[PDB]
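Data block below; observations after.
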Amino acid sequence: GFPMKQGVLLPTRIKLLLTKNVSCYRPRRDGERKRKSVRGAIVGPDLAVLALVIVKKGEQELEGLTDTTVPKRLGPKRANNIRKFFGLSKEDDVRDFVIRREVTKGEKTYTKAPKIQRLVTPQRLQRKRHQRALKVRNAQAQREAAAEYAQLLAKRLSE
Amino acid sequence: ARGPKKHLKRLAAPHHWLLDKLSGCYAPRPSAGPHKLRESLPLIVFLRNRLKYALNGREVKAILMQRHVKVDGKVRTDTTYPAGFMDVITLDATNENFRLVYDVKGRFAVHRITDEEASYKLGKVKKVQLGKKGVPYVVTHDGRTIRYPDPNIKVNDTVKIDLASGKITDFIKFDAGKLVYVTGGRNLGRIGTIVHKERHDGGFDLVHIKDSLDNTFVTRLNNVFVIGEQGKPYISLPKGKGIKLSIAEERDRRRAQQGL
Amino acid sequence: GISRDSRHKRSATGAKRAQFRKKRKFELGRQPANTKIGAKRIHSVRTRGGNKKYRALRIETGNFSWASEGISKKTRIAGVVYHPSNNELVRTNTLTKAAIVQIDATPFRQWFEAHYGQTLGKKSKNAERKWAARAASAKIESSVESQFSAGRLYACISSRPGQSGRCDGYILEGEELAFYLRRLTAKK
Amino acid sequence: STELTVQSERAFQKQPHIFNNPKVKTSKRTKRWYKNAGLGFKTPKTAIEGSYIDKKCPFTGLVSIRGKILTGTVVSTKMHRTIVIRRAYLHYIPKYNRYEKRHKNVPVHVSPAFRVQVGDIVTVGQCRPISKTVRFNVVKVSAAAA
Amino acid sequence: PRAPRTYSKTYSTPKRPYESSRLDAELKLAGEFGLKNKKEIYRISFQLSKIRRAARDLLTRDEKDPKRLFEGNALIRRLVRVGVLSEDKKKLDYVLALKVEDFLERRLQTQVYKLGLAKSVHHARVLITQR
RNA sequence: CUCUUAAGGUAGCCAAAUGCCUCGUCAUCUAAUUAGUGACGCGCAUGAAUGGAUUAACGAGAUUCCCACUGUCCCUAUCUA
RNA sequence: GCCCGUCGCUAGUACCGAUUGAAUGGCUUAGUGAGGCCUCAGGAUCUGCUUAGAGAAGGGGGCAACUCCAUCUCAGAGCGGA
RNA sequence: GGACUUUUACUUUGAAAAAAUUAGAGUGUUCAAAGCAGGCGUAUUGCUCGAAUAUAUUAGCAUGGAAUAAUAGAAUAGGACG
RNA sequence: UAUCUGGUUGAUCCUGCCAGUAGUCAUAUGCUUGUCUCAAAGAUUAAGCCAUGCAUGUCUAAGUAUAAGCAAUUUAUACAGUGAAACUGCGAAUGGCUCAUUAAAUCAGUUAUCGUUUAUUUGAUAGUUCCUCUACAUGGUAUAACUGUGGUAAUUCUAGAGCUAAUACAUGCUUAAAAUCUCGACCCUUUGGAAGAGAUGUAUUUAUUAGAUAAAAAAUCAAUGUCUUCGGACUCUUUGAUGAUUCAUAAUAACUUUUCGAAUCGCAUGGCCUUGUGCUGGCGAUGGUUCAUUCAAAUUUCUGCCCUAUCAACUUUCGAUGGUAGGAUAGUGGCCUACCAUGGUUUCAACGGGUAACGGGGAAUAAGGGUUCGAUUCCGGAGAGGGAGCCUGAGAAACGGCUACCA
Ligand SMILES: [Mg+2]
Ligand SMILES: [Mg+2]
Ligand SMILES: [Mg+2]
Ligand SMILES: [Mg+2]
Ligand SMILES: [Mg+2]
Ligand SMILES: [Mg+2]
Ligand SMILES: [Mg+2]
Ligand SMILES: [Mg+2]
Ligand SMILES: [Mg+2]
Ligand SMILES: [Mg+2]
Ligand SMILES: [Mg+2]
Ligand SMILES: [Mg+2]
Ligand SMILES: [Mg+2]
Ligand SMILES: [Mg+2]
Ligand SMILES: [Mg+2]
Ligand SMILES: [Mg+2]
Ligand SMILES: [Mg+2]
Ligand SMILES: [Mg+2]
Ligand SMILES: [Mg+2]
Ligand SMILES: [Mg+2]
Ligand SMILES: [Mg+2]
Ligand SMILES: [Mg+2]
Ligand SMILES: [Mg+2]
Ligand SMILES: [Mg+2]
Ligand SMILES: [Mg+2]
Ligand SMILES: [Mg+2]
Ligand SMILES: [Mg+2]
Ligand SMILES: [Mg+2]
Ligand SMILES: [Mg+2]
Ligand SMILES: [Mg+2]
Ligand SMILES: [Mg+2]
Ligand SMILES: [Mg+2]
Ligand SMILES: [Mg+2]
Ligand SMILES: [Mg+2]
Ligand SMILES: [Mg+2]
Ligand SMILES: [Mg+2]
Ligand SMILES: [Mg+2]
Ligand SMILES: [Mg+2]
Ligand SMILES: [Mg+2]
Ligand SMILES: [Mg+2]
Ligand SMILES: [Mg+2]
Ligand SMILES: [Mg+2]
Ligand SMILES: [Mg+2]
Ligand SMILES: [Mg+2]
Ligand SMILES: [Mg+2]
Ligand SMILES: [Mg+2]
Ligand SMILES: [Mg+2]
């Protein structure tokens with residue numbers, strides 16, 4: 001049952017201390033490394049299965065593999081990720097371009113689509129707008145309060 | 001002990017809250033806030049123990065989740081919020097403005113105030129210091145830090161804050177003859193003019209206090225809260241004007257008042 | 001690991017102390033940085049409550065200060081030349097605070113010979129306008145001038161590399177330079 | 001026991017960040033930062049017109065004096081730049097309604113500013129751990145017996 | 001980790017277990033007040049001892065002493081409101097010489113006897129413990 | 001109390017280089033001990049300068065065991081003159 | 001009359017005692033030394049930057065001439081990262 | 001007018017102090033152990049007292065006192081005051 | 001709540017013990033046991049071993065939904081209700097248990113931080129980011145869940161292939177006026193003077209400087225600052241806190257695998273005139289750097305622990321006491337190292353031993369003074385079979401976390 005491990009070398013099983021973001025191990029709580037077994041990267045006769053990936057195709061179709069073709073499941077969902085997917089321009093507006101997929105209830109059929117994100121919206125630009133002004137207003141209001149006091153300070157000597 | 005404690009055993013709580021012994025194992029334990037946890041008064045004790053508006057603990061939240069209570073003009077929603085000295089607490093949907101201010105015994109008393117006065121607060125400056133970029137700042141006991149203050153305001157002086165805009169508006173110095181609350185100690189609850197600040201370089205200065213009855217008593221400087229001019233307090237005072245009565249004197253007053 | 005607890009120490013009376021509790025991270029110590037001289041290489045170390053110290057393992061180029069001229073320039077750092085704690089720090093050229101080091105002189109030459117006009121011990125009006133005024137304060141210590149002949153400068157490390165990650169320091173002057181100078185002739 | 005020729009240590013000895021420009025000819029050969037220890041302790045002339053360093057001195061040094069301020073008689077002047085105080089006291093055993101003489105030994109650092117011999121009553125002030133056992137600094141010295 | 005629901009015990013037993021003197025006196029109090037057992041005499045005999053001590057102590061203070069006054073009058077005041085201390089033995093000196101029956105007299109049981117109702121302190125009992 | 005023959009083995013010590021029976025009994029060491037040691041003692045036939053008992057140091061003296069070491073052995077092989 | 005000691009029986013107690021007696025725990029000599037951690041290396045695998053050539057763009061503004069920024073694709077020459 | 005014990009012990013009075021427990025005031029848990037509640041009235045939208053006080057004999061801090069008991073100082077004057 | 005009595009003699013009076021008597025938040029046990037209230041309880045011996053179940057998870061209107069979920073209907077052709085799963089965030093360092101270790105340790109009252117760290121709550125705080133032709137109507141790749149091809153007796157194991165998100169990961173724009181400083185094209189020689197070129201947020205690191213003061217008047221050398229009545233003149237001149245600081249705070253010259261300065265979300269749908277999906281704009285949320293606060297933590301001053309001398313000298317093994325410098329730390333410190341000295345504790349009991357020893361609040365016993373107890377309802381400490389090690393995080397030397405040895 002034990003899986004090979006990219007780049008151990010060796011044709012046997014060895015126990016490793018495994019950490020986050022490493023194959024053959026999914027940490028159950030942030031910080032948990034776990035000393036678990038792993039099989040060598042070198043192909044020996046002890047194998048149950050061997051995962052191969054086709055790089056170059058040969059002279060004959062393989063009935064179940066080369067011939068048939070299976071579809072991705074989800075399309076782009078971010079803004080520009082749709083734009084890179086359809087070779088569009090910044091000015092093109094996604095929205096009327098996103099992959100939809102039909103839903104068949106039993107008598108009523110409807111559809112559904114993502115929710116493009118990073119999407120530029122009326123609302124978003126209103127937010128940058130508010131922040132900006134917030135910054136300038138307070139800056140000026142600060143510079144009045146500073147100036148006011150620096151006057152109150154002068155009078156704490158003149159008088 | 002590996003980190004901050006989160007519970008409080010109902011027994012290790014401040015006595016002045018006056019919670020009973022049996023009920024459950026626990027007392028609320030003040031959240032982190034503007035007041036020291038032993039010098040504070042959770043909104044939940046207020047609403048349910050002192051006010052009797054709540055029964056359950058559930059009902060306290062149910063109340064607070066209705067944004068029904070402002071502390072110093074800001075709606076407060078945390079059951080264990082640590083309100084404290086000079087705090088205001090405004091119960092809007094019933095026309096009530098209070099101000100946590102001490103008994104004579106030592107317990108945070110129900111002192112209602114005008115729909116005015118809930119406009120402001122007295123705040124004892126704790127430190128006054130040069131902040132970065134040369135800008136000065138004071139710090140009141142209630143965790144307020146108002147920048148750009150009057151250069152005459154030194155430490156132990158009190159200060160009139162607005163509320164709805166922060167901002168200091170007039171202030172009182174600390175010298176001989178000023179009207180003073182006693183914020184903690186054995187004399188917790190008393191009021192009265194100063195007389196003498198016994199200073200001791202190194203540690204703990206002593207402030208001899210006389211009241212509107214000529215009883216003298218001393219506490220520490222960290223315990224004195226200046227609240228006005230002799231016979232002129234900048235906040236309305238609870239019944240009995242923080243006087244202290246000998247239990248003899250105390251006995252007489254009850255039974256005589258009693259009857260008719 | 002290491003622990004900076006005073007528990008394990010004998011008492012002043014001399015008494016052995018029984019083990020009270022186990023080690024706690026909030027009293028630990030870490031292994032030293034014996035910062036060397038080479039291509040920049042600093043490892044950061046996650047201290048208590050967030051925070052970063054910076055284990056500098058290899059250092060060339062640290063920011064140095066000529067105190068009397070009022071400036072600071074970033075030299076090379078040649079090697080270490082002395083060290084009051086342990087001479088092994090010299091032998092193996094390890095960089096620490098209070099190190100004593102030879103550093104390049106050319107950035108300091110380049111400043112002197114354009115702030116003053118003079119060369120070191122051998123146009124334009126507004127250029128010469130200043131020069132003549134900045135003069136009469138252009139004679140420095142002879143113990144500091146002659147050094148420039150070798151294109152290297154005796155300097156002392158006032159940073160803490162294995163912490164700061166920076167090997168800053170100042171060029172030895174005055175009576176300070178006299179003293180270390182003295183130690184150098186009697187061994188080096 | 002004895003006080004050095006100043007620069008008698010493998011590292012140069014100086015107060016920190018107390019610069020004297022060689023570019024500037026002066027009177028005094030070396031700048032000398034000292035201070036007011038506090039509490040009505042008068043920094044002596046020895047602290048000021050002396051050439052000693054001692055980073056752990058309550059004047060001319062980087063150490064504050066706060067907390068207790070104790071007095072004991074001097075009992076051991078053998079350590080370099082630190083001495084041993086004896087503090088005699090009386091413990092009250094309730095049961096016999098009587099007292100017993102106990103004593104304590106307080107290691108305390110003594111600036112070169114004071115020439116302290118054994119027998120001297122000495123006033124010292126608590127001052128942050130200097131070293132393993134030392135938490136006090138000789139801050140005043142009343143006379144011997146002659 | 002709750003809070004200790006406190007308690008104390010109400011009686012005390014005699015040091016010498018077989019004083020036929022005391023044993024005689026006790027029984028008289030048992031049939032002349034219709035008592036159940038000795039503990040009913042013990043209880044009060046304890047009760048009484050704590051009073052006389054409290055008194056005893058205050059009597060060692062100065063008169064006009066803040067403490068003596070508040071809690072000397074207090075003692076007397078309680079002992080009056082009950083029927084133990086008579087309308088003018090209202091001093092601390094008299095609370096000392098206060099005897100036992102002085103208490104036992106004021107029992108519901110003895111009182112139910114003391115105004116018709118029962119004709120017998122034993123009748124009085126079985127009447128009270130029966131609503 | 002008595003008999004031979006003058007006395008009748010005290011202090012000690014022991015299956016001891018003195019004990020037949022005897023490879024004594026008990027304990028200990030060991031898988032197992034006709035061995036060793038510690039004890040026991042009606043001791044064929046221990047014993048007081050015919051010296052008894054004790055004893056540190058010493059011994060190419062007799063004896064038992066432990067650690068080390070090892071071709072003594074298992075189990076023999078190879079080399080040099 | 002009282003009464004001392006050897007000697008004799010029974011039972012209990014502690015003491016001495018060959019067993020280089022035994023067991024448990026603390027601290028330890030010397031030799032050996034896991035592990036995670038820090039460091040000199042290692043580099044399965046991935047990868048940011050620069051650069052000459054080629055194809056397809058669009059103009060920083062022209063009667064022919066002139067010239068940026070962004071993206072994406074195949075021999076390479078570099079110095080870097082995980 | 002503030003600061004003021006040569007250097008102490010002693011003693012007074014306070015301060016900073018935890019609750020529960022203890023002592024102890026109030027209160028009819030039906031009594032009591034307890035509890036810290038409760039009480040008054042038009043009880044058809046109310047009013048209202050409480051939840052005190054004492055105790056800590058070490059040491060530390062602040063303070064009034066200076067009897068008792070220790071302690072320092074002018075004798076080659078190397079004394080004191082200005 | 002200040003008491004005694006029985007037992008040595010023929011009798012006597014004493015010494016003196018034994019015996020009685022009374023209580024016990026004092027456990028066991030025997031017998032007995034109807035009602036009300038109150039309700040301790042596997043501490044003692046074994047911190048001995050543990051079947052099995054449970055004891056820590058978490059979603060707002062407000063970070064991520066294309067479920068080949070569910071309801072639906074929305075006005076919904078980007079999304080829009082509800083919502084498994086999963087990513088993100090936070091929590092799991094609290095509680096609860098137990099008393100083994102521990103005798104100057106812990107702990108108690110009392111100090112210190114001018115010796116440090118501090119998620120969070122509360123209050124403050126950011127016009128400066130590029131560059132001598134830049135996306136800011138918004139940059140870039142990757143992954144989970146999911147689909148599908150799989151392995152193994154077995155587990156909260158997971159492989160290789162294919163998809164797609166963000167407040168996950170990685171990037172990166174922006175904003176007024178002035179002022180001050182260096183470099184200085186050039187002109188015109190005197191009192192000489194300058195155009196415009198750059199630099200100037202914060203945080204980091206080093207150096208230097210200011211951070212004044214008890215009360216007054218002159219002379220100079222050096223580099224230059226105002227003015228006027230062009231001779232020479234200058235006044236009303238500026239600075240906080242502490243008992244005490246190289247304090248707060250500021251300035252100069254630079255330093256940096258350059259910290260941060262919103263590419264986030266929910267409700268609102270208003271208002272200007274050139275009418276473009278232009279310009280502006282409200283109530284909150286979630287973040288963010290610094291400082292204060294708060295809940296804490298870490299060290300820490302002074303005094304205080306039972307039996308013991310059939311423990312009298314102990315400590316410097318291989319740090320014991322101290323000096324200097326560094327390294328390490330959140331930080332002081334022989335905490336560690338290097339060098340240097342020979343110091344430190346003790347009959348006022350050191351050192352060592354014992355303890356059927358966690359410290360205290362407290363409990364029992366009542367003339368008093370004392371005697372004895374305190375595993376255990378509250379505070380503090382410690383530990384999770386024994387030890388050591390470490391990850392993650394603000395916080396752990398964590399054990400319902402991991403790694404190793406031992407059992
Ligand atoms: Mg978004
Ligand atoms: Mg809370
Ligand atoms: Mg422990
Ligand atoms: Mg006393
Ligand atoms: Mg014959
Ligand atoms: Mg004989
Ligand atoms: Mg004889
Ligand atoms: Mg024999
Ligand atoms: Mg033989
Ligand atoms: Mg034998
Ligand atoms: Mg043999
Ligand atoms: Mg003979
Ligand atoms: Mg003979
Ligand atoms: Mg021999
Ligand atoms: Mg051989
Ligand atoms: Mg052979
Ligand atoms: Mg038997
Ligand atoms: Mg009515
Ligand atoms: Mg006094
Ligand atoms: Mg007789
Ligand atoms: Mg007895
Ligand atoms: Mg238990
Ligand atoms: Mg047990
Ligand atoms: Mg806990
Ligand atoms: Mg990508
Ligand atoms: Mg990439
Ligand atoms: Mg990637
Ligand atoms: Mg994949
Ligand atoms: Mg000042
Ligand atoms: Mg500073
Ligand atoms: Mg103690
Ligand atoms: Mg013994
Ligand atoms: Mg340190
Ligand atoms: Mg040192
Ligand atoms: Mg020595
Ligand atoms: Mg013993
Ligand atoms: Mg124990
Ligand atoms: Mg105990
Ligand atoms: Mg206990
Ligand atoms: Mg005890
Ligand atoms: Mg136990
Ligand atoms: Mg623990
Ligand atoms: Mg167990
Ligand atoms: Mg966490
Ligand atoms: Mg653990
Ligand atoms: Mg468990
Ligand atoms: Mg746990």
_Size descriptor, Kirkwood hydrodynamic radius, that averages inverse alpha-carbon separations across the protein assembly as shown, Å_ = 39.7 Å
_Taking just the alpha-carbon atoms of the range E:36-111, what radius of gyration and Dmax come out, in angstrom?_
13.2, 44
*Output ³J(HN,Hα) for the range B:137-143: one whole-Hz value per residue in order, computed from phi by the Karplus curve 6.51 cos²θ - 1.76 cosθ + 1.60 with θ = phi - 60°, and x for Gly and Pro.*
7, 10, 10, 7, 4, 9, x
*Quickly estimate the mean residue ellipticity at 222 nm for chain E, helices only: each DSSP H run with n ≥ 4 gives -39500 (n - 2.57), and the total goes over all residues, rounded to 500.*
-16000 deg cm²/dmol
*Under the rule of -39500 (n - 2.57) per DSSP H run of 4 or more residues, summed and divided by the residues of chain B, what mean residue ellipticity at 222 nm is obtained, to the nearest 500 deg cm²/dmol?*
-2000 deg cm²/dmol
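Can you give the local net charge around E:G72? Use residues other than it whose beta-carbon is closer than 12 angstrom to its beta-carbon, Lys and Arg +1, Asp and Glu -1.
+3
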*Sequence-distant or interchain residues sharing an amide H contact under 5 Å with B:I172, placed H: which?*
B:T158, B:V159, B:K160
*Hey, could you grab the Kirkwood Rh for chain B? Inverse mean 1/r over distinct alpha carbon pairs, Å, one decimal.*
19.8 Å
*Relative packing of E:46-56, D:133-143, which averages over residues the other C-beta atoms within 10 Å, highest first*: D:133-143, E:46-56
*From the Cα gyration tensor of chain D, with a ≥ b ≥ c the square roots of its eigenvalues, which class applies: rounded if a/c is under 1.5, or else prolate if a/b is larger than b/c, or else oblate?*
prolate
*With springs only between Cα atoms under 10 Å apart, run a GNM on chain B and tell me which of B:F225, B:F98, B:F204 wobbles the most.*
B:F204
_Using distinct alpha-carbon pairs, which all enter the 1/r mean, Kirkwood radius of the range A:58-136 in Å_ = 16.7 Å
*Among B:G177, B:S212, B:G202, whose Cα sits farthest toward the positive end of the charge dipole of the range B:174-244 (+1 at Cβ of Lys/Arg, -1 at Cβ of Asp/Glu, about the Cα centre)?*
B:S212
*Positive-end residue, chain A charge dipole about Cα centroid, Cβ charges, pick of A:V38, A:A51, A:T104*: A:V38
*10 Å Cβ neighbours from other chains, averaged over peptide D:8-21*: 4
*Not counting the cut sites, what is the longest span of chain A without trypsin sites (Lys or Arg not before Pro) that DSSP labels loop and that have at most 14 other Cβ atoms within 10 Å?*
A:119-159
*Take the alpha carbon gyration tensor of chain A, find the square roots of its eigenvalues, order them as a ≥ b ≥ c, and report rounded if a/c is under 1.5; if not, report prolate when a/b exceeds b/c, else oblate.*
oblate
*Mind listing the long-range amide H neighbours of B:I227? Cut-off is under 5 Å, sequence gap 5 or more, other chains count too, H placed in the peptide plane at 1.01 Å from N.*
B:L179, B:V180, B:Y181
*asked:* Below 8 Å, C-alpha to C-alpha, sequence gap of six or more: please give me the relative contact order for chain B in percent.
replied: 12 percent
*Under 9 Å, Cβ to Cβ, from B:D142 - net charge with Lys/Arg +1 and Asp/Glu -1*: +1
*Taking only the alpha-carbon atoms of the range C:52-126, what semi-axes of the equivalent ellipsoid follow from 5 times the gyration tensor eigenvalues under a square root, in whole Å, largest first?*
31, 15, 10
*Restricting things to alpha carbons, find the Rg to Rh ratio for chain E using the Kirkwood radius for Rh.*
1.04
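Using only alpha carbon positions, build the gyration tensor of the range C:106-151, then give the equivalent ellipsoid semi-axes as the square roots of 5 times its eigenvalues, largest first, whole angstrom.
The equivalent ellipsoid of the range C:106-151 has semi-axes of 21, 12, 7 Å.
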*Kindly give Rg over Rh for chain C, based on alpha-carbon atoms, with the Kirkwood expression for the hydrodynamic radius.*
1.13
*Rounded, prolate or oblate: which fits the range B:106-234, taking a ≥ b ≥ c as square roots of the Cα gyration tensor eigenvalues, rounded meaning a/c under 1.5, else prolate when a/b beats b/c?*
oblate
*Could you tally the net charge around C:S159, taking each other residue with its Cβ under 13 Å from the Cβ of C:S159, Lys/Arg +1 and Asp/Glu -1?*
+4
*First measure r as the distance between the Cβ atoms of B:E59 and B:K160, then evaluate 1/(1 + (r/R0)^6) with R0 = 22 Å and state the FRET efficiency to the nearest 0.05.*
0.05
*Count, for each residue of B:144-151, the Cβ atoms from other chains sitting within 10 Å of its Cβ, then give me the mean as a whole number.*
3
*Sequence of B:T140, C:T35, E:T6 once ranked by neighbouring C-beta atoms within 10 Å, starting from the fewest*: E:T6, B:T140, C:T35
*Nearest 20 debye, what's the magnitude of the dipole of the range C:1-114 about its Cα centre given +1 on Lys and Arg Cβ and -1 on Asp and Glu Cβ?*
1320 debye
*Quick one: what does P(r) look like for the range E:1-48 with 5 Å bins over all Cα pairs, in whole %?*
5, 18, 22, 24, 10, 6, 6, 5, 3, 2
*Could you give the spread of the C-alpha atoms of the range B:121-171 along their three principal axes, from largest to smallest, in whole angstroms?*
28, 22, 18
*Would you mind computing, in nm to one decimal, how far apart the modelled labels at A:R78 and E:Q130 are, each placed 7 Å from Cα along Cα→Cβ?*
9.4 nm
*With springs only between Cα atoms under 10 Å apart, run a GNM on chain A and tell me which of A:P27, A:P122, A:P71 wobbles the most.*
A:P27
*Quick one: among B:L130, B:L237, B:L206, which has the greatest mean-square fluctuation in a GNM of chain B with alpha-carbon springs under 10 angstrom?*
B:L130
*In whole Hz, with x marking every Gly and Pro, tabulate ³J(HN,Hα) for the range B:35-48 from phi via Karplus 6.51 cos²θ - 1.76 cosθ + 1.60, θ = phi - 60°.*
10, 2, 4, 7, 10, 10, 8, x, 4, 6, 4, 3, 4, 10
*At a Förster radius of 56 Å, what calculated FRET efficiency corresponds to the Cβ-Cβ distance of C:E175 and A:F85, to the nearest 0.05?*
0.15
_For the range B:215-222, 3J(HN,Hα) per residue [Karplus equation, 6.51 cos²θ - 1.76 cosθ + 1.60, θ = phi - 60°, Hz, x = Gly/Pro]_ = 8, 9, 6, 10, 9, 9, 5, 6
*List the equivalent ellipsoid semi-axes of the range B:174-244 in whole Å, largest first, each obtained as the square root of 5λ for an eigenvalue λ of the Cα gyration tensor.*
20, 12, 11
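FYI, it's all coordinate maths here, none of it is from the lab. Quick reminder, even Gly has a Cβ in these numbers, built from the backbone with ideal geometry, and neighbours come from all protein chains shown.
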